[PDB]
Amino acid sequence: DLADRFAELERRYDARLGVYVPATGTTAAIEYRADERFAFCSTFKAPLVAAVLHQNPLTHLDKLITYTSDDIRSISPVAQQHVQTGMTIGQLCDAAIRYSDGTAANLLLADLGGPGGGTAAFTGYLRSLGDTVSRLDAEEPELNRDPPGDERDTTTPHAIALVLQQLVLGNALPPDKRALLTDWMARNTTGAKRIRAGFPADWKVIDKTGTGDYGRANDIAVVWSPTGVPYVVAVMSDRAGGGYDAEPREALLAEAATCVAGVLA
């Protein structure tokens, strides 16, 4: 059945695969290695934006943040362009989600504040959503680099799916902040070959990707059927057998998502 198909994918890509889809009214949870830890990688940037939105009035989005050359320490497609003028919190949220901008994420962590450059407050935000599993310990670029099996900077497919469910479908955020988060994920530019690739075109998909060392490739999404029925989909993977420089393999996530879509159709 579905477990056999996911195991086939692990052998095909020399990978470890984790999948979680929470249960709904009529569908049982889909779970494969769903309680094993995988690195967040950039998937943490979605709940990070939620944390910053929740913490501040909505007009905080218009506050200008300045930064300089020594702040660009990671893949930062937007922040590298605006370094000469600064970026507002809103622009930083946009870039962190839609371009997985690492400098934007680091600046948003600092905006959250507190110990660990904001990582402790980020973890505390997850705890307030009932997530007792996930932990963020470093910022960019280091959070992509922990050795396989190390629990620093990890979540699980199960844990991050339940967090995303509350943020997008539940009441963790007031409606106006919920809509900002949802719209940024809906306009993501980095996810076309992951969960989006597994679902038919008449399904709506919003997502946040993650990519890291040891062949790490993640995607977390909310999808809506053509009749508006929502599902949360978390897919996580690594290829530790190839070492630090193992290539991430997006097609693994597209195939896993195709399997999931077949069950939810």
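Numbering starts at 1 and follows the sequence shown.
As recorded in the PDB entry, 78-86 is the stretch of 78-86 and 117-125 with the greater mean C-alpha temperature factor.
In this entry, the higher average B-factor at the C-alpha atoms falls on 57-65, of the pair 57-65 and 214-222. Across the residues 157, 141, 191, 149, the deposited record lists the maximum Cα B factor for 149. For residue 145, the recorded CA B-factor ranks within the lowest third of the chain. Only modelled residues enter the ranking. Residue 153: CA B factor lies in the lowest third for its chain, per the PDB record. In the PDB entry, residue 228 places in the highest third of its chain by CA B-factor. Residue 202: CA B factor lies in the highest third for its chain, per the PDB record.
Per the PDB record, residue ranking by Cα B-factor puts residue 43 in the lowest third of the chain.
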